[PDB]
Amino acid sequence: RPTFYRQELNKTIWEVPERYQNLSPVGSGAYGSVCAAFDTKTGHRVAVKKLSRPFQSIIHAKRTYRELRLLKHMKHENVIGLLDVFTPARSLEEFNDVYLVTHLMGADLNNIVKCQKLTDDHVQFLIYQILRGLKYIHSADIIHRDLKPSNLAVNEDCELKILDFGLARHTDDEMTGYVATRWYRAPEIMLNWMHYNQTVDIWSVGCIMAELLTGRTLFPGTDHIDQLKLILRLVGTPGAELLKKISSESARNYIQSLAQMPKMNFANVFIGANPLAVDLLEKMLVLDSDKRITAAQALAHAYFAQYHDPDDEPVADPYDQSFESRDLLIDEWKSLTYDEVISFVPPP
Ligand SMILES: NC(=O)COc1ccccc1
Ligand SMILES: [Cl-]
Ligand SMILES: [Cl-]
Ligand SMILES: [Cl-]
Ligand SMILES: [Cl-]
Ligand SMILES: [Cl-]
Ligand SMILES: [Mg+2]
């Protein structure tokens, strides 16, 4: 067991191993608090997150367990990994607080998409990295659900990592109105059309790729209905084949109230873009999720010929998510989480 020290950081008592120095607040909210620190063991600048009320209800205890399980699994160059997890508790009986440690991220995609002038070569390398990470995430049967520029960390050398695993499900209020939290969502999950699957993430990658090419949000809807009208004007209204797959009768009825529209010519929307980029956007932004390109198929598309290496695009170890259908008490989720804290092995 390392030695711990205590300090008060903006209203909060932090108790952390001596290896972590120069703690300074960076973020706060319902979920808890984040501090930047220097890790003397590794030489890395790190983010240390102290969870708030990790075991306060069945829903919160299960959420805590889910985040720790996901962060412990993800071992890929283009995905968030866990550097450390700790508790000052010396037994299950005194266990209350959980702290998570990862690499300190500076800029997100927004910080470079809004400001920098991006070459076609920059768009190739950024989208290649997102798809390389997604091939890994999807091989473990994990669905991200929330890919968007603020969830993509990018460094001075244009190297990218995917963020946001096991946090609180987004609220109805958070998805209302003129909000970036909805603009990247696949229509079938935005409107609850059907049981969704991993193909939702490929819609989001298409929305990100269009915005890097134009500098403009692809579907900046003022509300769910305005956003659907923007989507259908570009990709066309659904045909009989997709309408049958909308399990919701009310959603099927509303779609059929809209005048039919053909798919638009993407070379006339994305004026001047690399023809290979235009071709890839046509294969991602397909209304029927069954017909979208997969991450593994997209890596082999000619747009990425300069970066693609089928011997350096790895898949994940199997991920057992049977806990997701399990009904347990608060203390049972707390005991499972404690076992995962004490069993942690740090990266080489
Ligand atoms: N769960 C996430 O995606 C982010 O989690 C962390 C964020 C900061 C420090 C540690 C963990
Ligand atoms: Cl230490
Ligand atoms: Cl990482
Ligand atoms: Cl504790
Ligand atoms: Cl965003
Ligand atoms: Cl597993
Ligand atoms: Mg999110």
# chains A, B, ... in the order shown; residues from 1 in each chain; ligands from 1

call {"tool": "residues_near_ligand", "arguments": {"ligand": "ligand 4", "cutoff": "9 Å", "atoms": "only C-alpha atoms and all ligand atoms", "output": "PyMOL selection string"}}
result
chain A and resi 15+87-92+94-98

call {"tool": "closest_atom_pairs", "arguments": {"of": "chain A", "to": "ligand 7", "cutoff": "9 Å", "atoms": "only C-alpha atoms and all ligand atoms", "output": "JSON lines"}}
result
{"residue": "A:144", "atom": "CA", "partner": "ligand 7", "partner_atom_place_in_ligand_line": "1 (Mg)", "distance": 8.7}
{"residue": "A:145", "atom": "CA", "partner": "ligand 7", "partner_atom_place_in_ligand_line": "1 (Mg)", "distance": 7.8}
{"residue": "A:146", "atom": "CA", "partner": "ligand 7", "partner_atom_place_in_ligand_line": "1 (Mg)", "distance": 5.1}
{"residue": "A:147", "atom": "CA", "partner": "ligand 7", "partner_atom_place_in_ligand_line": "1 (Mg)", "distance": 7.9}
{"residue": "A:148", "atom": "CA", "partner": "ligand 7", "partner_atom_place_in_ligand_line": "1 (Mg)", "distance": 8.8}
{"residue": "A:151", "atom": "CA", "partner": "ligand 7", "partner_atom_place_in_ligand_line": "1 (Mg)", "distance": 7.7}
{"residue": "A:163", "atom": "CA", "partner": "ligand 7", "partner_atom_place_in_ligand_line": "1 (Mg)", "distance": 8.8}
{"residue": "A:164", "atom": "CA", "partner": "ligand 7", "partner_atom_place_in_ligand_line": "1 (Mg)", "distance": 5.7}
{"residue": "A:165", "atom": "CA", "partner": "ligand 7", "partner_atom_place_in_ligand_line": "1 (Mg)", "distance": 7.9}
{"residue": "A:166", "atom": "CA", "partner": "ligand 7", "partner_atom_place_in_ligand_line": "1 (Mg)", "distance": 8.8}
{"residue": "A:167", "atom": "CA", "partner": "ligand 7", "partner_atom_place_in_ligand_line": "1 (Mg)", "distance": 6.8}
{"residue": "A:168", "atom": "CA", "partner": "ligand 7", "partner_atom_place_in_ligand_line": "1 (Mg)", "distance": 7.6}
{"residue": "A:169", "atom": "CA", "partner": "ligand 7", "partner_atom_place_in_ligand_line": "1 (Mg)", "distance": 7.2}
{"residue": "A:170", "atom": "CA", "partner": "ligand 7", "partner_atom_place_in_ligand_line": "1 (Mg)", "distance": 6.6}
{"residue": "A:181", "atom": "CA", "partner": "ligand 7", "partner_atom_place_in_ligand_line": "1 (Mg)", "distance": 7.8}

call {"tool": "residues_around", "arguments": {"residues": "residue 32 in chain A", "least_positions_apart": "6", "cutoff": "12 Å", "atoms": "only C-alpha atoms", "output": "ChimeraX atom specification"}}
result
/A:10-12,14,25-26,48-54,64,97-100,167-168

call {"tool": "closest_residue", "arguments": {"among": "A:285, A:37, A:133, A:276", "to": "residue 187 in chain A", "atoms": "only C-alpha atoms"}}
result
A:285

call {"tool": "residues_around", "arguments": {"residues": "residue 160 in chain A", "least_positions_apart": "4", "cutoff": "12 Å", "atoms": "only C-alpha atoms", "output": "VMD selection string"}}
result
chain A and resid 76 to 80 105 to 109 112 122 to 123 125 to 133 149 to 156

call {"tool": "closest_atom_pairs", "arguments": {"of": "chain A", "to": "ligand 6", "cutoff": "8 Å", "atoms": "only C-alpha atoms and all ligand atoms", "output": "JSON lines"}}
result
{"residue": "A:73", "atom": "CA", "partner": "ligand 6", "partner_atom_place_in_ligand_line": "1 (Cl)", "distance": 7.5}
{"residue": "A:317", "atom": "CA", "partner": "ligand 6", "partner_atom_place_in_ligand_line": "1 (Cl)", "distance": 7.8}
{"residue": "A:318", "atom": "CA", "partner": "ligand 6", "partner_atom_place_in_ligand_line": "1 (Cl)", "distance": 5.8}
{"residue": "A:319", "atom": "CA", "partner": "ligand 6", "partner_atom_place_in_ligand_line": "1 (Cl)", "distance": 3.8}
{"residue": "A:320", "atom": "CA", "partner": "ligand 6", "partner_atom_place_in_ligand_line": "1 (Cl)", "distance": 3.8}
{"residue": "A:321", "atom": "CA", "partner": "ligand 6", "partner_atom_place_in_ligand_line": "1 (Cl)", "distance": 7.0}

call {"tool": "residues_near_ligand", "arguments": {"ligand": "ligand 2", "cutoff": "8 Å", "atoms": "only C-alpha atoms and all ligand atoms", "output": "PyMOL selection string"}}
result
chain A and resi 2-4+17-20+41

call {"tool": "select_by_dssp", "arguments": {"residues": "range 56-294 of chain A", "states": "alpha helix (DSSP H)", "output": "JSON, numbers by chain"}}
result
{"A": [58, 59, 60, 61, 62, 63, 64, 65, 66, 67, 68, 69, 70, 71, 72, 73, 109, 110, 111, 112, 113, 120, 121, 122, 123, 124, 125, 126, 127, 128, 129, 130, 131, 132, 133, 134, 135, 136, 137, 138, 139, 180, 181, 182, 183, 187, 188, 189, 190, 199, 200, 201, 202, 203, 204, 205, 206, 207, 208, 209, 210, 211, 212, 213, 214, 224, 225, 226, 227, 228, 229, 230, 231, 232, 233, 234, 235, 240, 241, 242, 243, 249, 250, 251, 252, 253, 254, 255, 266, 267, 268, 269, 275, 276, 277, 278, 279, 280, 281, 282, 283, 284]}

call {"tool": "atom_distance", "arguments": {"atom1": "CA of residue 344 in chain A", "atom2": "atom 2 (C, counted along the ligand's line) of ligand 1"}}
result
16.8 Å

call {"tool": "residues_around", "arguments": {"residues": "residue 119 in chain A", "least_positions_apart": "3", "cutoff": "12 Å", "atoms": "only C-alpha atoms", "output": "VMD selection string"}}
result
chain A and resid 113 116 122 to 126 158 212 to 215 273 to 274

call {"tool": "residues_around", "arguments": {"residues": "residue 295 in chain A", "least_positions_apart": "3", "cutoff": "12 Å", "atoms": "only C-alpha atoms", "output": "PDB file with N, CA and C atoms, in the first residue's frame"}}
result
ATOM      1  N   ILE A 127      -9.745  10.914 -39.385  1.00  0.00           N
ATOM      2  CA  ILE A 127     -10.860   9.913 -39.531  1.00  0.00           C
ATOM      3  C   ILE A 127     -10.282   8.488 -39.497  1.00  0.00           C
ATOM      4  N   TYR A 128      -9.105   8.208 -40.080  1.00  0.00           N
ATOM      5  CA  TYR A 128      -8.445   6.886 -40.016  1.00  0.00           C
ATOM      6  C   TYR A 128      -8.346   6.466 -38.528  1.00  0.00           C
ATOM      7  N   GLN A 129      -7.822   7.359 -37.689  1.00  0.00           N
ATOM      8  CA  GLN A 129      -7.621   7.043 -36.234  1.00  0.00           C
ATOM      9  C   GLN A 129      -8.957   6.768 -35.545  1.00  0.00           C
ATOM     10  N   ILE A 130     -10.017   7.532 -35.831  1.00  0.00           N
ATOM     11  CA  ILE A 130     -11.334   7.301 -35.169  1.00  0.00           C
ATOM     12  C   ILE A 130     -11.800   5.876 -35.562  1.00  0.00           C
ATOM     13  N   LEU A 131     -11.745   5.540 -36.858  1.00  0.00           N
ATOM     14  CA  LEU A 131     -12.175   4.202 -37.365  1.00  0.00           C
ATOM     15  C   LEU A 131     -11.289   3.065 -36.794  1.00  0.00           C
ATOM     16  N   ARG A 132      -9.982   3.284 -36.616  1.00  0.00           N
ATOM     17  CA  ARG A 132      -9.055   2.274 -36.031  1.00  0.00           C
ATOM     18  C   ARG A 132      -9.504   1.995 -34.586  1.00  0.00           C
ATOM     19  N   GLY A 133      -9.741   3.038 -33.797  1.00  0.00           N
ATOM     20  CA  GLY A 133     -10.293   2.859 -32.433  1.00  0.00           C
ATOM     21  C   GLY A 133     -11.665   2.203 -32.432  1.00  0.00           C
ATOM     22  N   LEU A 134     -12.553   2.590 -33.339  1.00  0.00           N
ATOM     23  CA  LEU A 134     -13.914   2.013 -33.392  1.00  0.00           C
ATOM     24  C   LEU A 134     -13.877   0.537 -33.779  1.00  0.00           C
ATOM     25  N   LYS A 135     -13.051   0.132 -34.731  1.00  0.00           N
ATOM     26  CA  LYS A 135     -12.913  -1.302 -35.063  1.00  0.00           C
ATOM     27  C   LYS A 135     -12.601  -2.075 -33.759  1.00  0.00           C
ATOM     28  N   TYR A 136     -11.650  -1.559 -32.964  1.00  0.00           N
ATOM     29  CA  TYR A 136     -11.319  -2.167 -31.639  1.00  0.00           C
ATOM     30  C   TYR A 136     -12.552  -2.176 -30.736  1.00  0.00           C
ATOM     31  N   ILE A 137     -13.218  -1.038 -30.474  1.00  0.00           N
ATOM     32  CA  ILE A 137     -14.370  -0.921 -29.528  1.00  0.00           C
ATOM     33  C   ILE A 137     -15.477  -1.919 -29.975  1.00  0.00           C
ATOM     34  N   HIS A 138     -15.812  -1.926 -31.256  1.00  0.00           N
ATOM     35  CA  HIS A 138     -16.895  -2.781 -31.808  1.00  0.00           C
ATOM     36  C   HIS A 138     -16.555  -4.273 -31.741  1.00  0.00           C
ATOM     37  N   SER A 139     -15.281  -4.658 -31.873  1.00  0.00           N
ATOM     38  CA  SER A 139     -14.840  -6.072 -31.764  1.00  0.00           C
ATOM     39  C   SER A 139     -15.155  -6.607 -30.353  1.00  0.00           C
ATOM     40  N   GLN A 198     -24.351  -1.237 -33.170  1.00  0.00           N
ATOM     41  CA  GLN A 198     -23.063  -0.491 -33.272  1.00  0.00           C
ATOM     42  C   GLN A 198     -23.031   0.438 -34.511  1.00  0.00           C
ATOM     43  N   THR A 199     -23.894   0.216 -35.503  1.00  0.00           N
ATOM     44  CA  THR A 199     -23.975   1.007 -36.743  1.00  0.00           C
ATOM     45  C   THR A 199     -24.305   2.472 -36.397  1.00  0.00           C
ATOM     46  N   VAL A 200     -24.857   2.749 -35.202  1.00  0.00           N
ATOM     47  CA  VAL A 200     -25.121   4.162 -34.827  1.00  0.00           C
ATOM     48  C   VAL A 200     -23.812   4.953 -34.830  1.00  0.00           C
ATOM     49  N   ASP A 201     -22.676   4.360 -34.446  1.00  0.00           N
ATOM     50  CA  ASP A 201     -21.389   5.077 -34.299  1.00  0.00           C
ATOM     51  C   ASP A 201     -20.908   5.517 -35.705  1.00  0.00           C
ATOM     52  N   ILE A 202     -21.148   4.707 -36.739  1.00  0.00           N
ATOM     53  CA  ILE A 202     -20.700   5.058 -38.125  1.00  0.00           C
ATOM     54  C   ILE A 202     -21.469   6.275 -38.619  1.00  0.00           C
ATOM     55  N   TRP A 203     -22.764   6.432 -38.308  1.00  0.00           N
ATOM     56  CA  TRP A 203     -23.477   7.696 -38.653  1.00  0.00           C
ATOM     57  C   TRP A 203     -22.699   8.872 -38.037  1.00  0.00           C
ATOM     58  N   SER A 204     -22.335   8.774 -36.767  1.00  0.00           N
ATOM     59  CA  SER A 204     -21.636   9.897 -36.064  1.00  0.00           C
ATOM     60  C   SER A 204     -20.305  10.230 -36.757  1.00  0.00           C
ATOM     61  N   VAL A 205     -19.521   9.198 -37.129  1.00  0.00           N
ATOM     62  CA  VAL A 205     -18.242   9.417 -37.873  1.00  0.00           C
ATOM     63  C   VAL A 205     -18.516  10.172 -39.168  1.00  0.00           C
ATOM     64  N   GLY A 206     -19.572   9.831 -39.910  1.00  0.00           N
ATOM     65  CA  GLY A 206     -19.901  10.605 -41.121  1.00  0.00           C
ATOM     66  C   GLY A 206     -20.180  12.070 -40.864  1.00  0.00           C
ATOM     67  N   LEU A 280     -16.840   7.838 -49.633  1.00  0.00           N
ATOM     68  CA  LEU A 280     -16.893   7.263 -48.268  1.00  0.00           C
ATOM     69  C   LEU A 280     -18.083   7.888 -47.509  1.00  0.00           C
ATOM     70  N   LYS A 283     -21.263   6.143 -48.180  1.00  0.00           N
ATOM     71  CA  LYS A 283     -21.374   4.770 -47.601  1.00  0.00           C
ATOM     72  C   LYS A 283     -21.621   4.807 -46.070  1.00  0.00           C
ATOM     73  N   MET A 284     -21.257   5.906 -45.397  1.00  0.00           N
ATOM     74  CA  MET A 284     -21.532   6.089 -43.941  1.00  0.00           C
ATOM     75  C   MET A 284     -22.953   6.636 -43.737  1.00  0.00           C
ATOM     76  N   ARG A 292     -25.188   0.515 -43.836  1.00  0.00           N
ATOM     77  CA  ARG A 292     -23.987   1.355 -43.604  1.00  0.00           C
ATOM     78  C   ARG A 292     -22.699   0.505 -43.696  1.00  0.00           C
ATOM     79  N   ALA A 298     -14.473   0.156 -43.669  1.00  0.00           N
ATOM     80  CA  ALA A 298     -14.057   1.538 -43.977  1.00  0.00           C
ATOM     81  C   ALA A 298     -12.526   1.688 -43.958  1.00  0.00           C
ATOM     82  N   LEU A 299     -11.837   0.959 -43.075  1.00  0.00           N
ATOM     83  CA  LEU A 299     -10.361   1.084 -42.979  1.00  0.00           C
ATOM     84  C   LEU A 299      -9.715   0.665 -44.321  1.00  0.00           C
ATOM     85  N   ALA A 300     -10.354  -0.242 -45.054  1.00  0.00           N
ATOM     86  CA  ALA A 300      -9.844  -0.758 -46.348  1.00  0.00           C
ATOM     87  C   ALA A 300     -10.290   0.126 -47.532  1.00  0.00           C
ATOM     88  N   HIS A 301     -11.100   1.169 -47.324  1.00  0.00           N
ATOM     89  CA  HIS A 301     -11.529   2.092 -48.411  1.00  0.00           C
ATOM     90  C   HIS A 301     -10.312   2.857 -48.961  1.00  0.00           C
ATOM     91  N   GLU A 313      -3.963  -2.936 -37.104  1.00  0.00           N
ATOM     92  CA  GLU A 313      -5.335  -2.498 -36.769  1.00  0.00           C
ATOM     93  C   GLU A 313      -5.962  -3.542 -35.849  1.00  0.00           C
ATOM     94  N   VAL A 315      -7.698  -5.920 -32.781  1.00  0.00           N
ATOM     95  CA  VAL A 315      -9.032  -6.156 -32.167  1.00  0.00           C
ATOM     96  C   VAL A 315      -8.862  -6.341 -30.660  1.00  0.00           C
TER      97      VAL A 315
END

call {"tool": "closest_residue", "arguments": {"among": "A:288, A:188, A:141, A:159", "to": "ligand 3", "atoms": "only C-alpha atoms and all ligand atoms"}}
result
A:159

call {"tool": "closest_residue", "arguments": {"among": "A:307, A:207, A:252, A:333", "to": "residue 282 in chain A", "atoms": "only C-alpha atoms"}}
result
A:207

call {"tool": "atom_distance", "arguments": {"atom1": "CA of residue 60 in chain A", "atom2": "CA of residue 332 in chain A"}}
result
12.6 Å

call {"tool": "closest_residue", "arguments": {"among": "A:102, A:22, A:28, A:250", "to": "ligand 3", "atoms": "only C-alpha atoms and all ligand atoms"}}
result
A:102

call {"tool": "residues_around", "arguments": {"residues": "residue 46 in chain A", "least_positions_apart": "2", "cutoff": "8 Å", "atoms": "only C-alpha atoms", "output": "number ranges by chain"}}
result
A: 36-39, 44, 48, 101-104

call {"tool": "write_last_selection", "arguments": {"atoms": "N, CA and C atoms", "output": "PDB file, in the first residue's frame"}}
result
ATOM      1  N   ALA A  36      -5.769  18.146 -12.386  1.00  0.00           N
ATOM      2  CA  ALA A  36      -4.500  17.841 -13.079  1.00  0.00           C
ATOM      3  C   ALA A  36      -3.432  17.575 -12.011  1.00  0.00           C
ATOM      4  N   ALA A  37      -2.507  16.672 -12.288  1.00  0.00           N
ATOM      5  CA  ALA A  37      -1.351  16.370 -11.420  1.00  0.00           C
ATOM      6  C   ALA A  37      -0.154  15.914 -12.262  1.00  0.00           C
ATOM      7  N   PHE A  38       0.990  15.851 -11.612  1.00  0.00           N
ATOM      8  CA  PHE A  38       2.237  15.256 -12.154  1.00  0.00           C
ATOM      9  C   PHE A  38       2.440  13.906 -11.466  1.00  0.00           C
ATOM     10  N   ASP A  39       2.513  12.836 -12.254  1.00  0.00           N
ATOM     11  CA  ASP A  39       2.790  11.478 -11.713  1.00  0.00           C
ATOM     12  C   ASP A  39       4.301  11.205 -11.671  1.00  0.00           C
ATOM     13  N   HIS A  44       4.277  11.194 -16.413  1.00  0.00           N
ATOM     14  CA  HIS A  44       3.133  11.706 -17.219  1.00  0.00           C
ATOM     15  C   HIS A  44       2.408  12.822 -16.463  1.00  0.00           C
ATOM     16  N   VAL A  48      -6.771  13.235 -12.511  1.00  0.00           N
ATOM     17  CA  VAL A  48      -7.272  12.422 -11.372  1.00  0.00           C
ATOM     18  C   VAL A  48      -8.733  12.796 -11.108  1.00  0.00           C
ATOM     19  N   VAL A 101      -7.436   7.513 -12.653  1.00  0.00           N
ATOM     20  CA  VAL A 101      -6.296   8.278 -13.228  1.00  0.00           C
ATOM     21  C   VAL A 101      -6.146   7.921 -14.703  1.00  0.00           C
ATOM     22  N   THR A 102      -6.109   8.926 -15.582  1.00  0.00           N
ATOM     23  CA  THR A 102      -5.756   8.746 -17.016  1.00  0.00           C
ATOM     24  C   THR A 102      -4.827   9.875 -17.473  1.00  0.00           C
ATOM     25  N   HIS A 103      -4.321   9.762 -18.700  1.00  0.00           N
ATOM     26  CA  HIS A 103      -3.464  10.807 -19.334  1.00  0.00           C
ATOM     27  C   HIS A 103      -4.228  12.127 -19.378  1.00  0.00           C
ATOM     28  N   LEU A 104      -3.586  13.231 -19.007  1.00  0.00           N
ATOM     29  CA  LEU A 104      -4.211  14.579 -19.075  1.00  0.00           C
ATOM     30  C   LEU A 104      -4.358  14.925 -20.567  1.00  0.00           C
TER      31      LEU A 104
END

call {"tool": "atom_distance", "arguments": {"atom1": "CA of residue 331 in chain A", "atom2": "CA of residue 35 in chain A"}}
result
28.2 Å

call {"tool": "select_by_dssp", "arguments": {"residues": "range 64-193 of chain A", "states": "strand (DSSP E or B)", "output": "PyMOL selection string"}}
result
chain A and resi 79+84-86+99-103+108+152-154+160-162

call {"tool": "closest_residue", "arguments": {"among": "A:9, A:1, A:74, A:340", "to": "ligand 1", "atoms": "only C-alpha atoms and all ligand atoms"}}
result
A:74

call {"tool": "closest_residue", "arguments": {"among": "A:6, A:75, A:45, A:233", "to": "ligand 3", "atoms": "only C-alpha atoms and all ligand atoms"}}
result
A:75
